[PDB]
Amino acid sequence: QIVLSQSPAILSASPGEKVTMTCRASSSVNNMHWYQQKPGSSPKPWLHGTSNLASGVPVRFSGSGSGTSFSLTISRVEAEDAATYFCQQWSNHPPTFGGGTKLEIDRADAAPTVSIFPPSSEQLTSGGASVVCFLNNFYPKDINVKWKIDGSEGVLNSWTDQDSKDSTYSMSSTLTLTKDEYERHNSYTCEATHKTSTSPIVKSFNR
Amino acid sequence: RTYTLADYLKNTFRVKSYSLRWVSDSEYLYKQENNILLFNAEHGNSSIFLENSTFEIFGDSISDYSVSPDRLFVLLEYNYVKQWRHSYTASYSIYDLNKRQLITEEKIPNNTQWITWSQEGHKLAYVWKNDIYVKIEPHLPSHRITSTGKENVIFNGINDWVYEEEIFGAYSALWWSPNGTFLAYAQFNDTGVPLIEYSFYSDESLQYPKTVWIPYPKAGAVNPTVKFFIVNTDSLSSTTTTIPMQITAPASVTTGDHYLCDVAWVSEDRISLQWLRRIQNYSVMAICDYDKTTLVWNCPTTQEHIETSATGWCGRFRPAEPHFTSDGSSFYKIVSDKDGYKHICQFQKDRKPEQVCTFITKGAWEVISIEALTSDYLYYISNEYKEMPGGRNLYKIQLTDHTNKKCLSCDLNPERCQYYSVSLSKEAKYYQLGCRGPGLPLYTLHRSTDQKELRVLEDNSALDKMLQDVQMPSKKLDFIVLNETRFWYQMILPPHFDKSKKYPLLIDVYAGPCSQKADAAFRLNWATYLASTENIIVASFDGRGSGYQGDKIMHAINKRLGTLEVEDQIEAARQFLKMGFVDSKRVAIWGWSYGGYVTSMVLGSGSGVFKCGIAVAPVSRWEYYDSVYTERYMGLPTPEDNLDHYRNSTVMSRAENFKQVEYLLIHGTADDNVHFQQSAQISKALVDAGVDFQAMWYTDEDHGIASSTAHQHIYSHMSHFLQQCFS
Amino acid sequence: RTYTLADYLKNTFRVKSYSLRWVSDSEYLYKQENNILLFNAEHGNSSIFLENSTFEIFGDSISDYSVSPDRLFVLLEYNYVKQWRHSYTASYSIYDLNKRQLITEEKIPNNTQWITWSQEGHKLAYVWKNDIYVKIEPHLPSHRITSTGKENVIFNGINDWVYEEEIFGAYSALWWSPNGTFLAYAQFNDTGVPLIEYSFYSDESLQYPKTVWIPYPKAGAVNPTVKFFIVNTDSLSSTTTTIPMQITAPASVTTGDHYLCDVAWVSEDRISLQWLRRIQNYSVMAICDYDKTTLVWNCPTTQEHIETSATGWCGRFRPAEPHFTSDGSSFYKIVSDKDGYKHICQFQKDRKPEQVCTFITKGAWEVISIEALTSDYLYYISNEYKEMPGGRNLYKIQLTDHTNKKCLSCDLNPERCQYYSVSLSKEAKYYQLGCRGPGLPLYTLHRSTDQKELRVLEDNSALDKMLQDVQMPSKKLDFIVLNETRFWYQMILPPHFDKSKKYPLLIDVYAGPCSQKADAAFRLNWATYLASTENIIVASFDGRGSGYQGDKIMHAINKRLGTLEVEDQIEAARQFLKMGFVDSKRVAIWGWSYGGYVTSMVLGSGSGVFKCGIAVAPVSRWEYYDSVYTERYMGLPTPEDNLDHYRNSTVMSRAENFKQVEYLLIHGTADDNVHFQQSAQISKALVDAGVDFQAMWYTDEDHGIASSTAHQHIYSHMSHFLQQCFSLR
Amino acid sequence: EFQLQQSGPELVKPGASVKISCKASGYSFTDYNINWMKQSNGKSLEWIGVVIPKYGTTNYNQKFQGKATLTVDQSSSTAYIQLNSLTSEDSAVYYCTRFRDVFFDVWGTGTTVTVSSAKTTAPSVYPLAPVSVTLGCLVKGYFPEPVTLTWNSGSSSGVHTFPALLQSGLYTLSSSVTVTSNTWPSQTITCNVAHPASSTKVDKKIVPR
């Protein structure tokens, strides 16, 4: 079992750029293979026999290398290329995979569309109340969010993968709590520390 | 187009061949599109034996396969890791043909050093961590035969470094009995054998270089000792302790240091063991018989056949392989005539008075090898036809009447085919002929009663179609007379060689004991590029020390390496100059290994004939090279023996004369065979003498310098050196 | 005739010097016809001290001698066997001056690794098989101080490989007290330290090559640990067990891996020890005092002097020496001031709140070294004069009044002499000046009150004659302006250099951290031959990373070791191209060690400026070089620190770009310092990438490639390569 | 011409076992090798084993010698993987892949297999209203992760926040869609949720408060 290592974890390069990729083994290999997989979808055959392009595979791609360092080069990066590429070895049994090269795309920046949602009439019914806050469109991925119940600071976060068309991420912050202790307060706050202002962004509602 | 360097390196022009495996008297296996097919020679039909999908369950990791004698199982070899010239390790899984499934129980372990099926049936024996193991049945647990195995110290059933390289020419040291009752094996002990140590730098990410070490006896060093054992394989059980029987070597050989150098089972109760003294002018073939009642093998003095040489050593490299009759009463082997010519002699189980045998062939030509021995006839290869020592033909002789001596390959195609190799079926009913040159190699199938060509296996028509725009060199095989004896050469001439012109000359030399570099074979190699593209004449010369032309020529350099063979290479150049078509201002020489030695010795001779040369992995003095090869030709480096010529035949002593020439020295740093030391000392002697020269080391490369990129680099580097030297 | 290669190799033109050993405030020892004579600078007379017949008593085997402080005995060194750059092995016999005979009882043993007289009074300490021995009187048996010595494992009183090479620059790790009561010594432990192993082929009669091995910490590897001990030599006795007392290092450095990097005796009961964290941006000078009632040395935190750097590392290569006053109450030390310029400043024995020191020199130039400290005056060397960083002059500054700064060597001979070294007597009353360039080296004797020249010790007249027929190169020391700052260069120009013509150019590079290849010194060397005989301009450029011009320039390449000095070597060439007199189709570059790295990096840059070049014993990636040197400038090769740039600053990665240049690679197989490995990997990557290049290994040669025959061979091989590259031959 | 479809998602208790199919069509099924992979959530891929459809010859990764059992039906052009004696550490996606004598040139949809002691739970689908127009649709309190959310039975713009988190055994998924000021407020938009494990098919329109 040869252990493969993908160099690097995430490679972030803009459209139309040079993008080179490299698989690194603990022992020699005669031919190297490569596979593209997007989140929530199966892998796909890209480059076979070090460098050869599968049936129906684009021609802005190329492979290379020998021994303990093979490689794969994507030419003019398009938006659709955004995926994760895995290197496969099978010149030595058993075959092995290199733990992922995530093709990130580096494009223009923006700010999120911050919306808010009080608990619907159907949810208060179920003995609890979930306040929801949405952040729908941004490139700057990292963020620090915080909730306030009438001033004073069971919270849940969930993100999206990069789009194969506009290269943009999203997020939703959820706040689950009981209906009895929901009605004891009035104001609910949803802020952000996104790449635009160093002072908190403002968005809230009131009963 | 000329045949360029790029063409040689990229391998655009593939010289095809045809490798089959005779499973029976009428059938052979062959590789199609990674599929293995079975072809019956009584018919013209083929049968699928093993589909490529089966190999693809291991991906591309498969390196070889080996089918059982009875065709019920296939050994599948994968994860090949090369070691020395022949040795390697691999993984193995057994494939049941009948059931179309892998045996997942009691499987062969990782890093297996050797493994083989028995002669008949489907018993397995393998070596792992220097110990031998036997499986009577693929799914059955292994029986540990030996427990003394130890990395680089004790070897059971595998050869140590020097036995692999110089004696057996294989890693295997185990031999199944005909019907598989007995497994015989050699055991080597390297304790006391001094170690060669060198650095291996490995991939860039290794922070500290690792030191490789090998037990390696240099000239006059302590050698490995050997023992020989035979275990009973049908009597193996976990309940009883396995006890191998030991065979003692002949008394005349155990008086000092000696070797085991051949093993062959005669019958299920009889085995021939050839031994050899450390002074290699004395060998003993002992025929040993099994005693049913006392569990011992007897080697009676009456069944000991002695070989000796007063002029040199025994055999070409080792004493020759005996070929026994099916009753095990008589055997044939190649041996020197009274006139020094190597010919097939016939012996009996018992020795006759004064060790006499009957020569079934004779004349001024040699038998190369014995390929088959049936009840009625003997098949062999010789260089008789046209008195050409570098020609090879298949002959057929009758045991009753020695005059009935056919040639089966002489006429078939005498322009295209003068160099044959053969592959006969299990009892010689059919045979594959391999025409290797001087034309495009041709492989054909034949029946043996009438020499009828059944079909053409490979005609190289694909290579023919690709060479049709390329300026082709021609090969000239011929001889010159020196002191009433003829010495052959060969010249790879530039396309449409115009004898009126003067061409630059490159001597391509090896010139070791029993070497032959002038032959009728066809090669698409570096030399063809030099002729095709650079218009350089590439010449090789088989002078004294060369083989296949009698012991008078071969033993001329006994105890005197770096003498007549180097002088004769210079003289050949002078003869090439007298032929009038060589530019004397542009004569060069190169060689590898022994060729590197001869090259360096030639250049250091101060003859003035050669402008430049390139030595690749040269031996530099014989004390640095291994015992078995060296002492065979040079004896021991002692005052009592040949120490004076050991000190006199070194490249380093000739350092000062290299001022007259341009010299390129090349060596792999991980060379386990001819150690980098040897070139390290040449360069130090040159530096000490104030001589300029050019150098190139190849990091981590061994004696072959065979890694693709290194291979391309060395030939590019050497090419440029000749361009500079000649343009 | 021209200054040929043969002239350089056979050493036909010898550049004389003058070595003297100050034995007193007024007297020095000096050699003449193998006889060591004594000169008294009070008068002008000389006396025979030791006759050459005495040296003849050991034939031609004498390597060196060392005279006891009190002139009663002479240590005679013979059977010298070199080890590393500084370390060696030798035999010793002691010669009694008065009695004029050898001391044959209780002899110094075979294969002694180090010996020294005490500071005064003829006591002896030596190291043999890694243990320390003390000998109170030459004829008396030795007292064994340590019993833990072990070949490549435990070192007592000697440095191991990396401490010799990178920390101390000597094999010695023992320091006698001023009056000889105490012997201090370091102890090193290599037990975790991984080994470099390589082949030594030796003479051709050796059948089997030997494997040499050295505990040698490559970057990020387990380092040697250290301990520091002081033994009382007055109390040594066979009747009682000798027990060294240990000084624990400061708390702030023992929190991780650290080094000892300086020790200086302040008094008979006070000593300063400098320590240094493995991350070399933090050093601690601990002044320690002896407690005679409890036999322990006290290192209070009030007597700890911290030194740090926010931009790079501490000191040029190491934290600088302290120079204590006679009372041991204050010490002077070169330190980088607020503007990044290295200057002499004054501390007291105690630290101050934020430990401020009084800087006694200020300007945009640097103090090179502190040479002598008296009651009222401090002698030093700086590069102040004419604002030349590669100039060197002796200065004298008053301790009471820091505006009384006289230059002692500036005006002595401004055309011939711009690069001085100095040798002051014990109380700085007289001093030898060493003028070493740009003209012929000149060595003179001076009195300190007057600055009056007493005599000329060596003017190199014999060399001036002999040069009468040789076409002489000249040397231009000058600068260019990039980004509004001065970067100096030098050119060894061919004889009678003509601005109108276009010459082939050779860049001679080292360019290591704090290096200076552009200076005002005089050298007859390989470059002289290239300019004199082959008419090649040999140029050197001190770009970013170079020393002696402030920390802003030196620390520019911090954690980024193969980047700006590489780029700056290329620009210097471009700037030379603008000057009009350089043939742009015949520009080459070469260097040794770090010079070979930068050369290779330059050639693999793809700049297009350089046709060819030669790297000799190059570093090829920093993970291969030793920890102390490497980690000073780079980080540790960890993801947490500087692994990315370790991976990015390698010669191998640039292999493909060597397709557009002609490259000559040269390494010694027995190089203990920059290991042959480094070139083995360059050649393997070049072979992998399909690029042609030329190579040469030197069997059994080390980093210097200094065997006479190897030396001659490498330079003529290199010469031929330039001839071909420039179309001369 | 090369289709590899695998059976749907799977929940099973520890100790049990499951078989998943891989239907192949378009080509001559009996000619190429079926290889199986595994991918734990976030981790790298792992090869399990292979079968040659023609003769039923198998080869397993030593890691899964006891765990996986591969079989083939050639009349149905289908390959199977029997995963035996399961535990928490068998939870992953599983792919059937083809081998064209060189590499894996056809990959199936991938079967998500979950191994846990917990009972199946149906989702609680809520509609979220505001009070450029952003709305929402919360899906809270279910177990098997396969919850296929869609809008207006089709219609894919401004759809983000999709992936969910495991909260005390209960998956809490969220979603949204953005429209203009004129498209929704006085018109209909519905959130189509699905969850085959409990046979639930919910519909919830967004109503202005």
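A note on names: the letters A, B, ... follow the listed sequences, proteins ahead of strands, and every chain is numbered from 1. What's counted below: heavy atoms across the whole structure, side chains too, no hydrogens, waters or symmetry copies.
- Centroid-to-centroid, the aromatic rings of C/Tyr443 and C/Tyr18 stay 6.0 Å apart or farther.
- A cation-pi arrangement is not found for C/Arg318 relative to C/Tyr259, the charged atom failing to lie both closer than 6.0 Å to the ring centre and inside a 45° cone about the ring normal.
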**Message:** C/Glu120 vs C/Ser118, test: side-chain hydrogen bond (donor to acceptor under 3.5 Å, both in side chains). Steps then yes/no.
**Reply:** CA-CA 5 Å; C/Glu120 333 176 79; C/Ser118 40; over 6 Å; no
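- Taking the ring axis of C/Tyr431 as reference, the NZ or CZ atom of C/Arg447 does not stay both within 45° of it and closer than 6.0 Å to the ring centre.
- Checked against the 6.0 Å centroid criterion, the rings of C/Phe188 and C/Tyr163 qualify as a close aromatic pair.
- Annotation: C/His305 is in aromatic contact with C/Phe331 [ring centroid separation under 6.0 Å].
- Between C/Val335 and C/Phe359, the closest heavy-atom pair is O-CE2, 3.5 Å.
- Considering C/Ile132, C/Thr233, C/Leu236 in turn, C/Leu236 is the only one that fulfils the side-chain contact (heavy atoms from CB on, under 4.5 Å) rule with C/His143.
- Annotation: C/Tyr171 is not in aromatic contact with C/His86 [ring centroid separation under 6.0 Å not met].
- Distance check, rounded to the nearest 0.5 Å: CD1 of C/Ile287 to CZ of C/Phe347 gives 10.0 Å.
- The two atoms that bring C/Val266 and C/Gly328 nearest to each other are CG1-CA, 3.4 Å, heavy atoms only.
- In this structure, C/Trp297 has its ring center under 6.0 Å from that of C/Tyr290.
- In this structure, C/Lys396 fails the cation-pi test against C/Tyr379, since its NZ or CZ atom is not both closer than 6.0 Å to the six-membered ring centre and inside 45 degrees of the ring normal.
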